[PDB]
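Notes for the one structure printed next.
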Amino acid sequence: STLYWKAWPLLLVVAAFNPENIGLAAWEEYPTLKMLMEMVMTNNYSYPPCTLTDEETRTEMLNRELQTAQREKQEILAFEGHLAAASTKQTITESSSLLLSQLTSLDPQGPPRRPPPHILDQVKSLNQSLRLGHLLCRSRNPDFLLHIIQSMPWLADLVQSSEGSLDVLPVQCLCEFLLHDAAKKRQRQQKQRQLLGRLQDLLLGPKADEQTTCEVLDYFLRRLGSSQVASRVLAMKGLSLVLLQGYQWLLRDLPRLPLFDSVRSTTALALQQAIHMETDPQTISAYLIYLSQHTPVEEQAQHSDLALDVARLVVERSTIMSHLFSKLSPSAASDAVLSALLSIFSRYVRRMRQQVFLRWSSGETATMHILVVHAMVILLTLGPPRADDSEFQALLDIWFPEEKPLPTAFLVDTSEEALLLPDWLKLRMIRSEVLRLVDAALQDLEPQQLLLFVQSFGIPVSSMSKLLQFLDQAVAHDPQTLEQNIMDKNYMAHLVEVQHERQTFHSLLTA
Amino acid sequence: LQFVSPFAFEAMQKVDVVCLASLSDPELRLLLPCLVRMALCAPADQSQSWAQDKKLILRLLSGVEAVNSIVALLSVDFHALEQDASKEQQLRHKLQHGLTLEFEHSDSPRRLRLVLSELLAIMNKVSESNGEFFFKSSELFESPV
């Protein structure tokens, strides 16, 4: 074990000084040495590696190392038992094994092994004394830093240990050092200005070609899709530096690109991913405005995926939606975002009419997704924008038509009718101020659902009056089952009185 | 950020229901969980004056869906959560998504478990820090939304 763990740093230094053949061979063949120069270039000496942020791969490789250590322990115990039976005729146990602490399995190309803490200490001392990450940064070929790039703190300290590699001929590395940068400070500012001018030439200038433009903007989009909020902020900061007044770079400067559509397809896909993963309401608003103005409508698959992604934004991020459309501060930006979403979904609905299969009362037949349908109906609850009302009225007549029944639902696989309006959605309908949505909720209600809807809050007084009327109707229809479903008569009685100051059902509760 | 006003705090401390009615929307939004705990939970006092106080608490509790959120949070099973917390504490003595994303997407019991784990980890970190001040960063607690 001691020879193995002390043998790793010598081969590490040799591979670091000769990365073309020995360094590549260590990168490809030996996972332990591969991890080792990864540690010395990251300056973050941790098992599992900081480069691999994937938790399931971390746990899988940790379990692999644990199984390898257990198998090594069993093999060492068996071999020591054989040697003891040959020499001293003694039984070898776990507490009486010297070869367990003196020996290890010789599998350098197999599974990675846990480095000892003192081994990590001397590796980090060697890295600090000899700047091996700086040597790899000077090493243009092979660029294992760019291989790992294909993560911000180890990048930052690696660059700070390698000030002299500020350019690095790959344009992905140029933008990587740009996101790092986003006497010595003045020199760094001047070199950042030169790199910004170079990238402005590479994106908007006469030398702006498709390959480098796609590489630059795809690197920005993938570091936007990176889960770290600091990474998202740095990526949007770099995008604004190269290019909602804080998002006018995306809304206005970005459409002025020479290669705008050819990058805009990938931009639309990656901003759909960033709508899935994003948290900032204003950045989400900018994303929605940009997609409403710039999504390719031509592809059916892309348009359906866009509608499904906006549906996931509406449903799964209802808290962020509430912050966007808080009734305390009705903003023109929120009005424009609501109009944009209504326009997007209205174009989508026109595309079908021109997973669950829904058929219209007019005879139109298409297969949408119930989450998308809930997204349109939640927009219907969000209500009419102050600017445009035609799209709102058209969608309202599409899903909730006047004096004619709703478009009915069926399953795609089994063709069975499905509940298009769940109980929570009907609760949203009742708490909404639209009379058509309120009445559409009011039809087909169970008495228990009526009880739950009365118990829930946030609902207007007129909807309380209608719910009271429907509860009185349920009393007149079946009082016994409703009384059986009633749990705390005094509690719902006080609730009915409180809504009264906010009759037959109250009399039933008192009886 | 908006801090709790002294008028709101003295109204809460003096439990004056007319004062709580006089307070406006955002401070009541801040003071929701205790008030809804008052209005829903089994009252220790059974006096009729407290009954009118409770119905006025309902009167002011009109208009909030975070009430239903707290209803679900109370519906989570606290005994199982407590014993799991105790076992995790004993283990500590002996997620691809971010924490905010897991808090959002995961349901109320997972939300309680994750905030409990973060609080217990910070408490253990302080107890092992022994008065040495550090900084602990959590995106859930640093996300202003």
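Residue numbers (the deposited numbering), protein chains in the order written: chain A, 731 to 880, 887 to 918, 938 to 998, 1023 to 1133, 1149 to 1296, 1302 to 1310; chain B, 15 to 108, 122 to 172. A virtual CB, placed ideally from N, CA and C, is assigned to each residue, including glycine.
Quiz item: Closest Cβ-Cβ distance between residue 73 of chain B and chain A: below 9 Å?
Solution: Numbered from 1 along the second sequence, position 59 holds the residue referred to as residue 73 of chain B. With 9 Å as the cut-off, residue 73 of chain B counts as an interface residue toward chain A.
Quiz item: Applying a beta-carbon distance threshold of less than 7 Å, which residues of chain A neighbour residue 76 of chain B?
Solution: Working through the second sequence from its first residue, we reach residue 76 of chain B at position 62. Here the neighbours are 1251 and 1296.
Exercise. Using DSSP bridges, identify the partner residues of residue 1202 of chain A.
Key: Walking along the first sequence from the start, residue 1202 of chain A turns up at place 408. BP columns for residue 1202 of chain A point to A:1153.
Quiz prompt | Rounded C-alpha distance that separates residue 827 of chain A from residue 810 of chain A | solution = Locating residue 827 of chain A in the first sequence gives position 97, counting from the first residue. Locating residue 810 of chain A in the first sequence gives position 80, counting from the first residue. Taking the straight line from one Cα to the other gives about 7 Å.
Exercise. On the DSSP bridge assignment, give the partners of residue 1162 of chain A in chain order.
Key: Locating residue 1162 of chain A in the first sequence gives position 368, counting from the first residue. Partner(s): A:1150.
Quiz item: Does the count of Cβ pairs from the stretch 868-880 of chain A and the stretch 942-958 of chain A closer than 8 Å reach three?
Solution: no
Quiz prompt | Segment contact flag, the stretch 1113-1125 of chain A with the stretch 1166-1181 of chain A, C-beta cutoff 8 Å, min 3 pairs | solution = yes
Quiz prompt | residue 1143 of chain A versus residue 900 of chain A - alpha carbon distance | solution = This structure gives no coordinates for residue 1143 of chain A. The numbering of chain A moves from 1133 immediately to 1149.
Exercise. Identify whether residue 983 of chain A lies in helix, strand or coil by the three-state DSSP scheme.
Key: Translated into positions along the first sequence, residue 983 of chain A becomes position 228. Coil.
Quiz item: Within 9 Å (strictly less), CB to CB, does residue 1230 of chain A reach chain D?
Solution: No chain D is present in this structure, whose protein chains are A and B.
Quiz item: Can residue 105 of chain B be considered in contact with the ligand GTP, in the sense that its beta carbon sits closer than 8 Å to one or more heavy atoms?
Solution: Judged by which ligands are present, the structure shown has none, so any question about the ligand GTP falls away.
Quiz item: DSSP on residue 55 of chain B, reduced to helix/strand/coil?
Solution: Your numbering for residue 55 of chain B matches position 41 in the second sequence. If DSSP states are grouped into helix, strand and coil, residue 55 of chain B belongs with coil.
Exercise. Could you name the residues of chain A that residue 163 of chain B contacts, counting a contact when the two beta carbons are closer than 7 Å?
Key: Here residue 163 of chain B is taken as the residue at index 136 of the second sequence, counted from 1. Neighbours of residue 163 of chain B on chain A: none; closest Cβ ~16 Å, over 7 Å.
Quiz item: Do residue 135 of chain B and residue 1251 of chain A have their C-beta atoms within less than 9 Å of each other?
Solution: The residue you call residue 135 of chain B lines up with position 108 of the second sequence. The residue you call residue 1251 of chain A lines up with position 457 of the first sequence. Contact: no.
Quiz item: Which residue comes first and which comes last in the alpha helix (DSSP H) that contains residue 1281 of chain A?
Solution: The count along the first sequence starts at 1 and reaches residue 1281 of chain A at position 487. First-last for residue 1281 of chain A: undefined, no H or E at that position.
Exercise. Going by CA-CA distance only, name the one from A:974, A:1188 and A:804 that's closest to residue 830 of chain A.
Key: Counting from one through the first sequence, the residue named residue 830 of chain A turns up at place 100. It is A:804 whose Cα lies nearest to the Cα of residue 830 of chain A.
Exercise. Output yes if chain A places a C-beta closer than 9 Å to the C-beta of residue 157 of chain B; else output no.
Key: Taking the first residue of the second sequence as 1, we reach residue 157 of chain B at position 130. No, no contact with chain A.
Quiz item: At a CB-CB cut-off below 8 Å, which residues of chain A make contact with residue 101 of chain B?
Solution: Here residue 101 of chain B refers to the residue found at position 87 when the second sequence is read from its first residue. Going along chain A, no residue has its Cβ under 8 Å from residue 101 of chain B, so there is no contact; the nearest lies around 20 Å.
Practice problem: Could you please give the first and the last residue of the uninterrupted alpha helix (DSSP H) stretch that includes residue 1240 of chain A? | Solution: Here residue 1240 of chain A refers to the residue found at position 446 when the first sequence is read from its first residue. Segment: none, residue 1240 of chain A is in no alpha helix (DSSP H) and carries neither H nor E.
Exercise. Could you name the residues of chain A that residue 172 of chain B contacts, counting a contact when the two beta carbons are closer than 9 Å?
Key: The count along the second sequence starts at 1 and reaches residue 172 of chain B at position 145. Under the 9 Å cutoff, chain A gives 1058, 1059, 1060, 1098, 1099 and 1102.
Self-check item: For residue 114 of chain B, the three-state DSSP class (helix, strand or coil)
Solution: Within the gap of chain B, which runs from 108 to 122, lies residue 114 of chain B, and it has no coordinates in the structure.
Practice problem: Look at the alpha carbon of residue 1275 of chain A and the alpha carbon of residue 1242 of chain A, and state the distance between them as a whole number of angstroms. | Solution: The residue you call residue 1275 of chain A lines up with position 481 of the first sequence. The residue you call residue 1242 of chain A lines up with position 448 of the first sequence. Residue 1275 of chain A and residue 1242 of chain A: Cα-Cα distance of roughly 10 Å.
Self-check item: Amino acids of chain A, ordered along the chain, whose beta-carbon sits closer than 8 Å to that of residue 131 of chain B
Solution: On the second sequence, position 104 is the one that residue 131 of chain B refers to. The answer, in chain order, is 1095, 1096 and 1098.
Quiz item: So, helix, strand or coil for residue 1188 of chain A, using DSSP?
Solution: Within the first sequence, numbered from 1, the residue matching residue 1188 of chain A stands at position 394. Here residue 1188 of chain A sits in helix by DSSP.
Exercise. Whole angstroms is fine: what's the gap from residue 104 of chain B's alpha carbon to residue 88 of chain B's?
Key: Residue 104 of chain B sits at position 90 when you count from the first residue of the second sequence. Residue 88 of chain B sits at position 74 when you count from the first residue of the second sequence. The straight-line gap from Cα to Cα measures roughly 25 Å.
Practice problem: Taking only runs that begin and end inside the stretch 1208-1270 of chain A, name each unbroken alpha helix (DSSP H) of 4 or more residues, in chain order. | Solution: 1217-1225, 1229-1236 and 1241-1249
Quiz item: Going by other Cβ atoms of all chains shown within 10 Å of its Cβ, with 16 needed for buried, is residue 1285 of chain A buried or exposed?
Solution: Here the question's residue 1285 of chain A lines up with position 491 in the first sequence. Residue 1285 of chain A comes out exposed.
Quiz prompt | Three-state secondary structure assigned by DSSP to residue 802 of chain A | solution = Residue 802 of chain A sits at position 72 when you count from the first residue of the first sequence. Here residue 802 of chain A sits in helix by DSSP.
Quiz item: Where does residue 753 of chain A sit, in a helix, a strand or coil, going by DSSP?
Solution: To locate residue 753 of chain A, count along the first sequence from 1; it is residue 23. Reduced to three states, the DSSP call for residue 753 of chain A is helix.
Quiz item: Which residues mark the beginning and the end of the alpha helix (DSSP H) in which residue 41 of chain B is found?
Solution: Residue numbering aside, residue 41 of chain B sits at position 27 when the second sequence is read from its first letter. Its alpha helix (DSSP H) spans residues 39-44.
Quiz item: With C-beta atoms as the reference, is residue 1128 of chain A less than 9 Å away from residue 1190 of chain A?
Solution: Residue mapping note: residue 1128 of chain A aligns to position 349 of the first sequence, counting from 1. Residue mapping note: residue 1190 of chain A aligns to position 396 of the first sequence, counting from 1. No.
Quiz item: Is there at least one Cβ from chain A nearer than 9 Å to residue 166 of chain B's Cβ?
Solution: Here residue 166 of chain B is taken as the residue at index 139 of the second sequence, counted from 1. It does: the Cβ of residue 166 of chain B has a partner Cβ on chain A nearer than 9 Å.
Quiz item: Are the stretch 91-100 of chain B and the stretch 762-781 of chain A touching by the rule of at least three beta carbon pairs closer than 8 Å?
Solution: no
Self-check item: Interface partners of residue 784 of chain A on chain B, CB under 8 Å
Solution: Residue mapping note: residue 784 of chain A aligns to position 54 of the first sequence, counting from 1. Within 8 Å Cβ-Cβ: 123.
Quiz prompt | residue 1257 of chain A and residue 1224 of chain A closer than 9 Å at C-beta | solution = Here the question's residue 1257 of chain A lines up with position 463 in the first sequence. Here the question's residue 1224 of chain A lines up with position 430 in the first sequence. Going by C-beta atoms, residue 1257 of chain A is nearer than 9 Å to residue 1224 of chain A.
Exercise. Could you tell me whether the stretch 745-764 of chain A touches the stretch 829-845 of chain A, using the rule of 3 or more Cβ pairs below 8 Å?
Key: yes
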